[PDB]
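Novice: So the numbering used here is basically just the index in the sequence shown, starting at one, shifted up by 73. Where is the CB? At the ideal position from N, CA and C, for every residue including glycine. Got a structure for you, questions after.
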Amino acid sequence: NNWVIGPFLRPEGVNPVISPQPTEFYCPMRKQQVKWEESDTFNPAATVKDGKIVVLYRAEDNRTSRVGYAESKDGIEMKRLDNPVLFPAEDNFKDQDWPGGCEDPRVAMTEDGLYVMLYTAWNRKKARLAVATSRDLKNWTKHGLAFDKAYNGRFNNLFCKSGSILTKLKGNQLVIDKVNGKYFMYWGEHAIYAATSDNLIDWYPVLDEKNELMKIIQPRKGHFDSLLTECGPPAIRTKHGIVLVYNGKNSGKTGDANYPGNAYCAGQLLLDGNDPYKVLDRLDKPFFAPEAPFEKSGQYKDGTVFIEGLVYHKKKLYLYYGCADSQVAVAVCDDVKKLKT
Ligand SMILES: [Cl-]
Ligand SMILES: [Cl-]
């Protein structure tokens, strides 16, 4: 396991870094003041801008999901905005995100400074992968569903979520990186799939010889990833190939007894740097699992963690995750040599 990214250690006493608050904003959908982050602040994307770490967290009201913004000098202290930055609005995407909102963002940045967010649009009928862009991280422009166009709209009503764009470390920053002249992402919840794109907006799911969605990995009985194998933060190139950090949901009946039933633990998949569909290695045991009190609650007695943000900052990697389906926590890795390529 020389290729594994880590270890990620929880800084003592700092977690959780983002918790719910009764903060209000005027909702253009509900046309009234809404306590948009009163219930939970979790499943966070993370990125960097102007030397600062930015965490874009899923927030739920009393539900509708909206994305909040938090800014941090050191990756620990958070300065939050009173208004959410991505939410259902009076726009041309009501069919996609009214009334369930915008969930579970993952963010990556192009070398030219465009931040691309892959998130889930929820209309209470289908949860569907959507794309938003921004240059300042506060003003987001929706571009619709990731699979709206591809193959005569074949997957325009496919239930799907969790998009992890391929990135690499370039001169002090994680940037989006291409594969064979096209942009690339892993995606999925019940299996890990892939998709390509010319423009980061319209994505084309990779199909196999049977003209079916090609699964790279899927759940395994007896292991932590026994019910789901869900994309975590953006994938990252390393000396040994492409590493995808992913979240496994454990079955209490057919999973790994060493971990809690129905909880998520994090694994890693090593794929070939020349052939991103080719698996080279996969962790048998999770590299990050619920262990601390802040990752547990009444609903998740033994805890649960969901990894969704990964940033390189001052020669360290900061991992941001949803803890107990309700708060945001951070863990840090100071071993980054493997990222130089
Ligand atoms: Cl730890
Ligand atoms: Cl598999």
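1) Any heavy atom of ligand 1 within a distance shorter than 6 Å of the CB on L82?
2) Whole-angstrom Cβ separation of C175 and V204, contact assumed at under 8 Å?
3) To which residues of the same chain is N272 closer than 7 Å at the C-beta, ignoring the five residues directly before and after it?
4) Return the bridge partner residues of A118 from the DSSP annotation.
5) Check whether the Cβ atoms of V384 and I126 lie closer than 7 Å to each other.
6) Measuring only the C-alpha atoms, how far is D113 from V405?
7) Just the C-alpha distance for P161 and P84, rounded to the nearest angstrom, thanks.
8) Among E150, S270, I265, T137, which one has its Cα closest to the Cα of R197?
9) Tell me where the beta strand (DSSP E) around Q400 begins and ends.
10) Might you give, ordered along the chain, the residues of its own chain that have their beta carbon closer than 6 Å to the beta carbon of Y259, omitting 5 neighbours on each side?
11) Please determine whether the Cβ atom of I78 lies at a distance below 6 Å from any heavy atom of ligand 2.
12) Under a three-way DSSP split, which group does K312 fall into?
13) Can you give me the start and stop residues for the alpha helix (DSSP H) that residue 62 sits inside?
14) Return the chain-ordered list of same chain residues with a C-beta closer than 6 Å to the C-beta of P178, the five sequence neighbours on each side being excluded.
15) So what does DSSP say about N245, is it helix, strand or coil?
16) Return the Cβ separation of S270 and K255 in integer angstroms, given the expectation that the two are a contact with Cβ distance under 8 Å.
17) Go ahead and pull the three-state DSSP assignment for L412.
18) Classify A330: buried if its beta carbon has 16 or more other beta carbons within 10 angstroms, exposed otherwise.
19) Where do the ends of the beta strand (DSSP E) carrying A143 lie?
20) Under DSSP, the alpha helix (DSSP H) around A397 begins and ends at which residues?
21) Hey, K211 and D164 are a contact pair by Cβ (cut 8 Å); roughly how many whole angstroms apart?
22) Ignoring anything shorter than 3 residues, give me the beta strand (DSSP E) runs that lie fully in the region 299-356, in order along the chain.
23) Do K283 and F232 have their beta-carbon atoms positioned less than 7 Å apart in this structure?
24) Would you mind stating whether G328 and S370 have Cβ atoms separated by less than 7 Å?
25) So, at 6 Å on beta carbons, what are the nonlocal neighbours of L154 in its own chain, with the 5 sequence-adjacent residues on each side left out?
26) If we ignore side chains and look at the alpha-carbon of each, how far apart do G186 and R208 end up?
Specialist: With the given structure in hand:
1) The residue given as residue 82 occupies position 9 in the sequence shown. Taking the Cβ of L82 as the reference point, at least one heavy atom of ligand 1 falls within a distance shorter than 6 Å.
2) By one-based count along the sequence shown, residue 175 stands at place 102. By one-based count along the sequence shown, residue 204 stands at place 131. Not really, about 11 Å apart at Cβ, beyond 8 Å.
3) For the purposes of this step, residue 272 is taken as residue 199 along the sequence shown, with counting starting at 1. Once the five neighbours on either side are set aside, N272 has no close Cβ partner at all.
4) To locate residue 118, count along the sequence shown from 1; it is residue 45. Under DSSP, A118 takes part in a beta bridge, and its partners are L129.
5) The residue labelled residue 384 in the question sits at position 311 within the sequence shown. The residue labelled residue 126 in the question sits at position 53 within the sequence shown. Their beta carbons are under 7 Å apart, which means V384 touches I126 by this criterion.
6) Counting from 1 along the sequence shown, the entry for residue 113 is found at position 40. Counting from 1 along the sequence shown, the entry for residue 405 is found at position 332. Between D113 and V405, the C-alpha separation is close to 23 Å.
7) Position 88 of the sequence shown, counted from the start, is the residue given in the question as residue 161. Position 11 of the sequence shown, counted from the start, is the residue given in the question as residue 84. Each residue's alpha carbon lies about 35 Å from the other.
8) Along the sequence shown, read from residue 1 onward, the residue named residue 197 stands at position 124. Among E150, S270, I265, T137, the Cα nearest to that of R197 belongs to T137.
9) Indexing the sequence shown from 1 puts residue 400 at position 327. Per DSSP, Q400 belongs to the beta strand (DSSP E) from 400-406.
10) Stepping through the sequence shown from its first residue, residue 259 is reached at position 186. Hits under 6 Å: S237, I265, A267, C304, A308, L317.
11) In the sequence shown, counting from the first residue as 1, residue 78 sits at position 5. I78 Cβ: outside cutoff for every heavy atom of ligand 2.
12) Along the sequence shown, one-based indexing puts residue 312 at 239. Residue state, collapsed to three classes: coil.
13) The requested residue 62 does not occur in the structure, where the chain is confined to residues 74 to 414.
14) Here residue 178 is taken as the residue at index 105 of the sequence shown, counted from 1. So the list reads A118, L129, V140, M190, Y192, once near-sequence residues are dropped.
15) Indexing the sequence shown from 1 puts residue 245 at position 172. In the structure shown, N245 sits in coil (DSSP, three-state: anything other than H, G, I, E or B).
16) For the purposes of this step, residue 270 is identified with residue 197 of the sequence shown, where counting begins at 1. For the purposes of this step, residue 255 is identified with residue 182 of the sequence shown, where counting begins at 1. Indeed, because the Cβ distance is near 6 Å, the residues count as touching under 8 Å.
17) The residue you call residue 412 lines up with position 339 of the sequence shown. Here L412 sits in helix by DSSP.
18) Taking the first residue of the sequence shown as position 1, residue 330 is located at position 257. Under this definition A330 is an exposed residue.
19) Locating residue 143 in the sequence shown gives position 70, where the first residue counts as 1. Run containing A143: 138-145, per the beta strand (DSSP E) assignment.
20) Walking along the sequence shown from the start, residue 397 turns up at place 324. Segment: none, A397 is in no alpha helix (DSSP H) and carries neither H nor E.
21) Against the sequence shown, residue 211 aligns to sequence position 138. Against the sequence shown, residue 164 aligns to sequence position 91. Not quite, the Cβ-Cβ distance comes to about 16 Å (not below 8 Å), so this is no contact.
22) Runs found: 301-304, 308-311, 314-322, 337-344, 352-355.
23) Here residue 232 is taken as the residue at index 159 of the sequence shown, counted from 1. Here residue 283 is taken as the residue at index 210 of the sequence shown, counted from 1. Result no, Cβ atoms of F232 and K283 do not sit closer than 7 Å.
24) Position 255 of the sequence shown, counted from the start, is the residue given in the question as residue 328. Position 297 of the sequence shown, counted from the start, is the residue given in the question as residue 370. Against a cut-off of 7 Å, the Cβ pair of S370 and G328 comes out as no contact.
25) Numbered from 1 along the sequence shown, position 81 holds the residue referred to as residue 154. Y142, listed in sequence order.
26) On the sequence shown, position 113 is the one that residue 186 refers to. On the sequence shown, position 135 is the one that residue 208 refers to. Taking the straight line from one Cα to the other gives about 6 Å.
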